[PDB]
Amino acid sequence: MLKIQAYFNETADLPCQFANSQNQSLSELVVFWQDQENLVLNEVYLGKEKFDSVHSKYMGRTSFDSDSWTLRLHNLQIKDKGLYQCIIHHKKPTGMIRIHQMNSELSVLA
Amino acid sequence: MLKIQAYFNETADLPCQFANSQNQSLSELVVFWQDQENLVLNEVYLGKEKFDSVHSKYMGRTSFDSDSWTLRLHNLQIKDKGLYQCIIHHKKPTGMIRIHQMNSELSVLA
Amino acid sequence: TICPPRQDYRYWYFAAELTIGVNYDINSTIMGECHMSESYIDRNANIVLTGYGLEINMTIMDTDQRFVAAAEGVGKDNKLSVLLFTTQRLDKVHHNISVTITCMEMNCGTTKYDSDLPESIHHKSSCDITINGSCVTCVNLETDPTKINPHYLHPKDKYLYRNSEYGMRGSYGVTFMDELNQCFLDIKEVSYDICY
Amino acid sequence: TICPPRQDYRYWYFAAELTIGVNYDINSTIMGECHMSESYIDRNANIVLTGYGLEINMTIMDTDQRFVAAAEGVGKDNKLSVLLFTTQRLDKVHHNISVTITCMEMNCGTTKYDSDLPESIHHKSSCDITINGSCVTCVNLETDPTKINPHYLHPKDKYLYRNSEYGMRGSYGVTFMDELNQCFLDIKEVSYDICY
Ligand SMILES: *[C@@H]1O[C@H](CO)[C@@H](O)[C@H](O)[C@H]1NC(C)=O
Ligand SMILES: *[C@@H]1O[C@H](CO)[C@@H](O)[C@H](O)[C@H]1NC(C)=O
Ligand SMILES: *[C@@H]1O[C@H](CO)[C@@H](O)[C@H](O)[C@H]1NC(C)=O
Ligand SMILES: *[C@@H]1O[C@H](CO)[C@@H](O)[C@H](O)[C@H]1NC(C)=O
């Protein structure tokens, strides 16, 4: 329900609008942003960024913001149009339960 | 039961003799006149003439009269001989019920 | 003239037709879908035939006729045409009719229509229609038809008759969508498998 | 709209899917392994289907739907995908769901998980998951899917519908291993033999 359009080779922002009804902290939650091929983009494991699986193409090009919960991606391409997802997990002692998911779509001038 | 004969390329009149036992108004009733191929000729939706489906050949050629409930058709042709029907519908909130139908036939000199 | 025979199976047929326009999806005839039950015992003719997704329950009051057989087919744009073959006509009195269409698949529900159709084509007979469900967009009933009722004129042994006097045909109709008059035409890919 | 028909076998289908990621070994579909039992009597829909090594017991509260059928297949990396076909949708209310996965071969045990999944994708419905045993590594449940649910679109006679409104889909998930999101993808060597 959130479509983003960007001018040619412009910068892109992917938010996923977590309500946070319980007022939890980033240290008890993990966040994944993934593309339509399921390859990961970025990860905040217990609050510290991890880059153990980001594909080289996405390495470094992405940045995170704490208060805004938004992923800032640079260097757009015509072939980078597609869908992206913000899968949020709550890391309880027993397991991880998915407590948020928000689909977004981005396209480029052609 | 009503056959109409007209001289070569003469004008034609199609009535359908609605008894109107309940003494209703044209605003609560709709009327269609159709040919033997099921293509519509004219339509009085809630009393206002509508021309959203009349085939171009019949556009403008037909005229309506209120008191007489008769359709006046101009520009007869040898190939326009056939059957015609006067379907009257009563547009209640629930739906439309057909409360009159009259078949007529017209032929031209040959 | 007074009596009908009350036989097992009739070699002599007649006609009366109707068509139901439903919104859920029907592709083609299934060759064995229909199943009908007929009765006359009460002095009133009756036939309940269950088919593609709805059961049609038709009854004629003061009839002197009994439904010999029926046929059912599906055409274009989700229409369902049922022909009904009655024994033989002894008199011209323009009977009343009662038809209930109950949706048994994909739109079940309680009653949504309980009015009567005036039929002022001659203004002598009235039909009462009751629809259970929401699987109806058009209903047309032609009594004493003059069209070519016979499907594959004619079955191997039976003989079939059809009215040819305009003064006896009647048309009852009710539509909920917009201007669907002449809800369907007979001679098409209609297969018309016998209703049993 | 009020009622469902309560028929024998349904020509009209729908969809809702889920996938269980188990650690013991499964190679390929066996063509006749699954066996399912359905019920509606209590006002709540229910389906218990026993398959490759676990029985899945799913229940929908205040449903107006009944599970017509199901299908089950096995993919790559020991995943088990079960599609569930329900009759038809009468309303949009976002029912709750209760699913219990009981391991019946190679890792039996007593209860190891009894929490509830919030599903804040819209944050209207909650699913309660109970797992007996240790033969689970991922659980995903997609309600009102928009993907291509139909396996071999479509079985010989049945008709199948699938939701196309994003506002109604829901996703419930729980994982014990590390970052197994999107636990499996549909169109693969998945055979999808009918579940009966
Ligand atoms: C058919 O309708 C009549 C009245 O219209 C009713 O008495 C009868 O029970 C109906 N038949 C069935 C099988 O429901
Ligand atoms: C009987 O003859 C009539 C006309 O010759 C024909 O319409 C009908 O099909 C025949 N029936 C049989 C059983 O031969
Ligand atoms: C399925 O689960 C329900 C409650 O979740 C339970 O009452 C029922 O007995 C279970 N069915 C079986 C076959 O165990
Ligand atoms: C019915 O037709 C639809 C579309 O034409 C098709 O998707 C479906 O498979 C058909 N079903 C049968 C039994 O022919």
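Where a number appears in this text, it was derived from the coordinates with a stated rule and is not lab data. As a convention, Cβ positions derive from the backbone with ideal geometry for all residues, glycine included, and neighbour counts pool all protein chains shown.
Test C:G53 against the criterion of being under 25 Å from C:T137 (Cβ atoms), within 13 Å of chain D (Cβ to nearest Cβ) and away from ligand 1 (no atom under 14 Å from the Cβ), and give yes or no. It is true that C:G53 is under 25 Å from C:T137 (Cβ atoms), within 13 Å of chain D (Cβ to nearest Cβ) and away from ligand 1 (no atom under 14 Å from the Cβ). Pairing each residue of segment D:86-104 that is within 13 Å of chain C (Cβ to nearest Cβ) with any residue that is within 16 Å of ligand 2 (Cβ to nearest atom) and not acidic (D, E), provided the two are 6+ apart or on different chains, yields no C-beta distance under 9 Å. In summary, C:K147 fulfils each of the numbered conditions (1) more than 12 Å from C:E17 (Cα to Cα); (2) surrounded by fewer than 19 Cβ atoms within 10 Å (Cβ to Cβ) with the single exception of condition (1). Being within 11 Å of chain A (Cβ to nearest Cβ) and under 20 Å from A:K91 (Cβ atoms) is a property that does not hold for D:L185.
Taking segment D:91-112 only, how many residues are surrounded by 14 or more Cβ atoms within 10 Å (Cβ to Cβ) and not hydrophobic (A, V, I, L, M, F, W, C)? Total meeting the criteria: 8. Looking across segment D:99-115, the residues that are within 14 Å of D:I129 (Cα to Cα) and either within 16 Å of ligand 2 (Cβ to nearest atom) or of a type in the set (A, V, I, L, M, F, W, C) (or both) come down to D:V99, D:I101, D:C103. Residues that are farther than 17 Å from D:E142 by Cα, of a type outside the set (D, E), within 16 Å of ligand 4 (Cβ to nearest atom) and out of contact with any helix residue (DSSP H, G or I) (no Cβ under 6 Å at 6 or more places or on another chain): does segment D:61-74 have at least one? Checked segment D:61-74: at least one residue is farther than 17 Å from D:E142 by Cα, of a type outside the set (D, E), within 16 Å of ligand 4 (Cβ to nearest atom) and out of contact with any helix residue (DSSP H, G or I) (no Cβ under 6 Å at 6 or more places or on another chain). Looking only at residues in segment D:13-40 that are more than 18 Å from the chain's Cα centre (by Cα) and hydroxyl-bearing (S, T, Y), which one is nearest to the other protein chains (Cβ to nearest Cβ)? Result: D:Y24. If we scan segment D:73-86, do we find a residue that is on the phi < 0 side of the Ramachandran plot and polar (S, T, N, Q)? Within segment D:73-86, one or more residues are on the phi < 0 side of the Ramachandran plot and polar (S, T, N, Q).
Considering only residues in segment C:160-179 that are out of contact with any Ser or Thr (no Cβ under 7 Å at 6 or more places or on another chain), within 10 Å of chain B (Cβ to nearest Cβ) and assigned to a loop (DSSP other than H, G, I, E, B), the one that is farthest from ligand 2 (Cβ to nearest atom) turns out to be C:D178.
Residue check: is C:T110 free of Cβ contacts under 8 Å to residues at least 60 places away in the same chain and within 30 Å of D:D64 (Cα to Cα)? Considered against the rule, which asks whether it is free of Cβ contacts under 8 Å to residues at least 60 places away in the same chain and within 30 Å of D:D64 (Cα to Cα), C:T110 comes out as yes. Check segment D:167-183 and report whether any residue there is surrounded by 20 or more Cβ atoms within 10 Å (Cβ to Cβ), within 26 Å of C:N107 (Cβ to Cβ) and away from ligand 4 (no atom under 16 Å from the Cβ). Yes: one or more hits.
Per the conditions (1) within 10 Å of chain B (Cβ to nearest Cβ); (2) surrounded by fewer than 18 Cβ atoms within 10 Å (Cβ to Cβ); (3) under 23 Å from C:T29 (Cα atoms), the sole criterion not satisfied by C:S115 is (3).
Scan segment C:136-186 for residues that are away from ligand 1 (no atom under 16 Å from the Cβ) and closer than 23 Å to C:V68 by Cβ and the total you get is 30. Do we have D:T137 as more than 16 Å from ligand 2 (Cβ to nearest atom) and within 28 Å of D:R10 (Cβ to Cβ) here? No: the conditions fail for D:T137.
The strands (runs of 3 or more DSSP E) located wholly in chain A that include 3 or more residues which are away from chain D (no Cβ under 14 Å) occupy A:12-15, A:62-64, A:70-73.
Table: residues versus (1) touching a residue at least 12 places away in the same chain (Cβ under 8 Å); (2) of a type in the set (D, E, K, R); (3) surrounded by 14 or more Cβ atoms within 10 Å (Cβ to Cβ); (4) under 25 Å from C:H123 (Cα atoms).
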{"residue": "B:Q36", "(1), (2), (3), (4)": "yes, no, no, yes"}
{"residue": "B:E43", "(1), (2), (3), (4)": "yes, yes, yes, yes"}
{"residue": "B:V54", "(1), (2), (3), (4)": "yes, no, yes, no"}
{"residue": "B:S66", "(1), (2), (3), (4)": "yes, no, no, yes"}
{"residue": "B:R72", "(1), (2), (3), (4)": "yes, yes, yes, no"}
{"residue": "B:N75", "(1), (2), (3), (4)": "yes, no, no, no"}
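Of the residues D:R89, D:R10, D:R43, D:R66, the single one that is farther than 24 Å from D:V136 by Cβ, within 14 Å of the chain's Cα centre (by Cα) and away from ligand 1 (no atom under 16 Å from the Cβ) is D:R66. State whether one or more residues within segment D:123-138 are within 16 Å of ligand 4 (Cβ to nearest atom) and free of Cβ contacts under 8 Å to residues at least 40 places away in the same chain. Taking every residue of segment D:123-138 in turn, none turns out to be within 16 Å of ligand 4 (Cβ to nearest atom) and free of Cβ contacts under 8 Å to residues at least 40 places away in the same chain. Comparison of C:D186, C:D114 shows that the only residue that is of a type outside the set (A, V, I, L, M, F, W, C) and within 30 Å of C:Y9 (Cβ to Cβ) is C:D186. The combined condition, being among the polar types (S, T, N, Q) and farther than 18 Å from D:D128 by Cβ, is not fulfilled by D:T63.
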